[PDB]
Amino acid sequence: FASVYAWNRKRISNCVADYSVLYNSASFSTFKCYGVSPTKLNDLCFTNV
Amino acid sequence: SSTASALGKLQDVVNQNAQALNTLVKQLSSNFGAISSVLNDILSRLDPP
Numbered sequence: 347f348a349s350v351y352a353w354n355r356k357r358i359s360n361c362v363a364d365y366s367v368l369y370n371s372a373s374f375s376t377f378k379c380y381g382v383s384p385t386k387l388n389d390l391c392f393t394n395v
Numbered sequence: 939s940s941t942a943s944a945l946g947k948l949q950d951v952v953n954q955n956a957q958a959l960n961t962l963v964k965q966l967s968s969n970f971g972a973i974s975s976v977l978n979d980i981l982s983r984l985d986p987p
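If you read the protein sequences in the order shown, they are chains C and A.
So the deposited numbering is basically just the index in the first sequence, starting at one, shifted up by 346.
So the deposited numbering is basically just the index in the second sequence, starting at one, shifted up by 938.
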């Protein structure tokens, strides 16, 4: 990865994102989300990420 | 038949009623400090607490 003063920013669009497979993994120490419930991340279609 | 503006009272009453109803309907679309003005979105995006 990069440093904190040169953080990489990338765009995600025109793709089929699967969040259930990302969420169910226990390798993530902390996963806290604001404004959207993670369980309901699979029924929402967005504009840009 | 010719001269207009002789029926100000009735038109004024109708205008008052229509304007009150219109502003009542328009008040529905305000945000009131929440995150969205439509209830179907907020129910389908957040968690009950």
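Virtual Cβ for every residue (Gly too), placed ideally from N, Cα, C.
Proximal chain C residues relative to residue i, where beta-carbon distance stays under 9 Å
| i | result |
| --- | --- |
| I973(A) | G381 |
| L984(A) | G381, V382, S383, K386 |
Assigned secondary structure, residue i (DSSP; H/G/I helix, E/B strand, else coil)
| i | result |
| --- | --- |
| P384(C) | helix |
| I980(A) | helix |
| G971(A) | coil |
| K964(A) | helix |
| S366(C) | helix |
| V350(C) | coil |
| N360(C) | coil |
| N953(A) | helix |
| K947(A) | helix |
| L959(A) | helix |
Whole-angstrom distance between residue j and residue i, CA atom to CA atom
| i | j | result |
| --- | --- | --- |
| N388(C) | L981(A) | 15 Å |
| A372(C) | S366(C) | 12 Å |
| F392(C) | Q949(A) | 48 Å |
| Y380(C) | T961(A) | 34 Å |
| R357(C) | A363(C) | 13 Å |
| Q965(A) | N953(A) | 18 Å |
| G946(A) | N955(A) | 14 Å |
| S975(A) | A944(A) | 43 Å |
| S375(C) | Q957(A) | 57 Å |
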